[PDB]
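Note: hydrogens, waters and symmetry copies are ignored here, and every other heavy atom, side chains too, is used. The residues of the chain are indexed from 1 along the displayed sequence. Each ligand, and each atom within it, is numbered from 1 in the order the structure gives.
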Amino acid sequence: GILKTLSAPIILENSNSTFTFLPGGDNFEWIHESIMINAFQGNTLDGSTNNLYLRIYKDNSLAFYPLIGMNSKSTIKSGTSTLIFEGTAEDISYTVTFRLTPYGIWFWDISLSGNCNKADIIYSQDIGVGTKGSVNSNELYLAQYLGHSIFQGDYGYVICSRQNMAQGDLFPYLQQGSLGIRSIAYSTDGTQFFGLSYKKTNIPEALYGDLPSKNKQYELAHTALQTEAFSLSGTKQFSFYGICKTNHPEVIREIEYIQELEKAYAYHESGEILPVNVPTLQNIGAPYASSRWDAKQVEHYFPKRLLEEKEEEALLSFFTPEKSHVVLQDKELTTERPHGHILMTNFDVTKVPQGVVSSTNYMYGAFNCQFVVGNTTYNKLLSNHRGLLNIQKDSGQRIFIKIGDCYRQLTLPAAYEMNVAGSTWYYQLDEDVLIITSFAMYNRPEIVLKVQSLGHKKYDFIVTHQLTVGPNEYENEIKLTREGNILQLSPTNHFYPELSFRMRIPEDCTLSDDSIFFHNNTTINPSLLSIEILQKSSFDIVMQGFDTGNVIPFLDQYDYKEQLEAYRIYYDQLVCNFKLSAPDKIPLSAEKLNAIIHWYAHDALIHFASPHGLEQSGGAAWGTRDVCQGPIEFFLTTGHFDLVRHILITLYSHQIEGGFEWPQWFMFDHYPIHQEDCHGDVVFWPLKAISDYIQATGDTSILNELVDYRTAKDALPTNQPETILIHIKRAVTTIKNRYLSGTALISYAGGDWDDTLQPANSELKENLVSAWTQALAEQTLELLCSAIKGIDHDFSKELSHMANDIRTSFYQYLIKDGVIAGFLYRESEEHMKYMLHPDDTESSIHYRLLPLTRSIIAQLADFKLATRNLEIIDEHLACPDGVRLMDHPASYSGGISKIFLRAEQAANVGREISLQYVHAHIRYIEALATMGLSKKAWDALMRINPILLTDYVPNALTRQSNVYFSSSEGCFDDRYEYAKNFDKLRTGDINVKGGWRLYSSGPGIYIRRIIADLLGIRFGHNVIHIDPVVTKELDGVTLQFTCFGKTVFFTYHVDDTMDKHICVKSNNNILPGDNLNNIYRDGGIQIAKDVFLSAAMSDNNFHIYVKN
Ligand SMILES: O=P(O)(O)O[C@H]1O[C@H](CO)[C@@H](O)[C@H](O)[C@H]1O
């Protein structure tokens, strides 16, 4: 059976514009030239995000009626470039005429005829304003760079918008406003229009009130305009309009295109505008959100709770002894980002895995989005989740349940419980609880949905699936065969020709597309795979993925518990059975590490094996710098050494021929895709990681492995392998080649760690020097020197000379008045200027975090400089929510870049522009740990710990507690208010909120901080290093940890009165060893493996005595 693709059947066209609609008149794709104007494509069940709302005010009510789209019940006529919507609302006849003119200008002309006392209109439009590619790739990210300027025009508010991230060279533009009626209020983000409450009510919150008239620069670019209120007794007429320009290189300063708009307003098409058939839903109601559980219900279903989060004494979330995190309804209605989770199949932990299965789900009834097998972009069965508020709610796997006469789509449950192996939703019904579980199979490429009525009551269900079978919805035809209760789905390819999926469905279910939702049984979307299941108290759908066609029979039985238990052991072993305990009350911070470790282990494992996140659904590839940080640090900390060796070989095989640097990112599977343009820090990371591998393992053989390169343009193997050592030599030449003349100052080139600080021109590219890059290069080439020492003496000597020269240029050029400058700009020896240093008095930015922490971490900063670094942090960068990247925001003047690219283009205060990018705060922790500053280090660890965050950082707004957040951003509506009131961040006088979730190096590098740097357990070549940096409160606390395959119990004692720094005892015998080198403090102890293990055979409780 062949599934066709959805094509939007209403197709309006006019000079350089194609605007398409679904048959209910819902927006599909509005394209002007090559710019997509809307943010979200409509779907055949929900319609589209945009609308026009008629509201009617009475003495005891307010009513609101959508005028367009399939939720309006308007009839429709169309021409070549016109739609006419007609209908009535109470006592008002309306017509809405949509005009697509030749000018990249559209109108919604509204005519109202009737009697009523008080009415208004609300205009509502989601806006993307990017290429189709950019909008589809990430709506949220596109929104971040879409800057809105508000003016008063002839008819009140007019919203102008400039897209500040280049779209195929161009900076596109929108303008929206009203004609013939005053817009008396406006909003610019979907959070303002729909509100968080939408996630329960399914009703846009703004419809009950006035728009706020504030420009909120967030992630749901969404323009709303509210008319002045009016009486009706007769006919009233007015319009809304939009203008799209594909290139507006200047910043917005005023309302433009007034003459053009007047010309476009006079435009009407000559052709007949004729009736078209409009489909209508049949027995489909409003969505069903659960009633909220009260205290006694929660107590009943979850008798065993820990780490309870409460606000105003209402329970928001908690953890359980069985390693679950549970989220109550009320919490989801207070988090701006939607609670969600990623499931992933276990793999062999000694090799780079292939064909890993994964699925994403969210608390608000998105049960399974983006089911993939291997490649998280291309090898996909179910469509991606999009947005934040579930306005469009048809993606992936959804469930309809019959309540009374009507099928009703499940949205918000009473509770959502996550475990690393699965997600459970609890929906309160009338005298029943419906329990939905979506869970991963152990050892099998499967995700299973289970639906179960707690009281064994029967119901009718339709389970819908937005298929892709490929990277995108609506892109390709689908082969669907059915044998009994097994469906097989495959595309109708080049690198995964056997790609297929199977679903086992319940035994007397019926199969359709969206036809069953409609009165006429008309198919509109043929790729909506619908499963109607009648009169069942329970059922399941088993979903299998096969990237290489290794099809396996279904099991008879699919049991969540067994999977849960197998994954729990997998995760325990993954973190070497980490567990903190004490005889007395364990400290809260330890309790937080026990609860978070396996969650961060899961997040890190996803980042490694199945690279994608919640907001960042588009991934698939390894980032070169990323795989060297998050996964490698996680795996080196936990002794997954064979895995790191394999990672590193794969990594080196992706080095690019000719240029001999690395791509920014690359697919690690059979898809030859990479980004050959890289930032200037990227080359250092494979060099550092291989060195850290060699130091940890003694495995110098890796340097003799014969490994290929990839071609720049095609990402194909070059079939000219060389030893990894020679790979390294070539990389190192590229570094030497970046010396500025007369110096060993490494050119900035494409940028450093901070992806928002790409150089805005060629001169800045050539002549900037990043102090962080410089420090990283020094550290990397020193580590390289040591790692290669025993193998190639001469190269090791050259590496030493290089590191030394880089060190000398660092001290000689990048430091003034004891302050390490963020950057030096050097045209030549005669023309030099510090930036991100106090001397740059023309700039607002005088201090940069990155070099301060890298220089400490590398032991490059001498003790004095390192101590100065910490003072600079305390005085200029430390905030209650963590340490900031800079002491002031980057420039923003309407979106054109001057020095830095994306940092100067982002309209939204978020991601790196927030200045608290958590990854960098974790490096701060690493630096503190190097300096032995245990009180600052543990305090910093807690400030970014999502568990009970709001109890610890009073101005932090709550967020999902069992997942990593990548940034912390002040609640500032725009860049100008951010700059003006920046100091509020330092004193906690503005609230801060969480950024993007899960997909980051953060969780892995956090885990390393915990284990290696603070608890102080590090593995070396036939040695264990013991070097705790802990507080008095860890005194009497024990870490259980598996060391070289042996479970040990490290009990901490903090003794300020010791003669020595460190002492390690087993059965009262002091373990012999050597002190570690550390220029800032007394070093830890290196104990031989055989000695350590021998001691552990008799008494595996090791007592560590440490003085701060
Ligand atoms: O969001 P993440 O993964 O924590 O980190 C992201 O931003 C950082 C700062 O620009 C980069 O160094 C990473 O390569 C990128 O993935």
Which word best sums up how the rings of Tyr378 and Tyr671 line up, parallel for under 30°, tilted for 30 to 60°, or perpendicular for over 60°? tilted
In terms of residue, atom name and distance, what is the protein heavy atom nearest to [atom]?
| atom | result |
| --- | --- |
| atom 14 (O) of ligand 1 | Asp626 OD1, 2.6 Å |
| atom 3 (O) of ligand 1 | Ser1000 CA, 3.4 Å |
| atom 12 (O) of ligand 1 | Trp753 O, 2.8 Å |
| atom 1 (O) of ligand 1 | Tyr917 OH, 2.3 Å |

Which is it for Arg710 and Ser653 under the side-chain hydrogen bond (donor to acceptor under 3.5 Å, both in side chains) test, yes or no, and what are the steps along the way? CA-CA 7 Å; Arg710 293 301 181 98; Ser653 85; 5.1 Å; no
Examine distances only and state if a side-chain atom of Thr734 and a backbone atom of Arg730 form a donor-acceptor pair shorter than 3.5 Å. no
Under 4.0 Å, heavy atoms only, figure out whether ligand 1 is touched by the backbone of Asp755, its side chain, both or neither. both
Any side-chain donor paired with an acceptor under 3.5 Å for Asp603 and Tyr1006? no
Roughly how far, to the nearest 0.5 Å, is the OH atom of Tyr141 from the CG atom of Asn908? 11.5 Å
Using a strict 4.0 Å cut-off to heavy atoms of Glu912, name the atoms of ligand 1 that fall inside it. 7 (O), 9 (C), 10 (O)
Does a side-chain N-to-carboxylate-O contact under 4.0 Å join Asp681 and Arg854? no
Would you say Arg625 has any N or O atom under 3.5 Å from an N or O of ligand 1, going by distance alone? yes
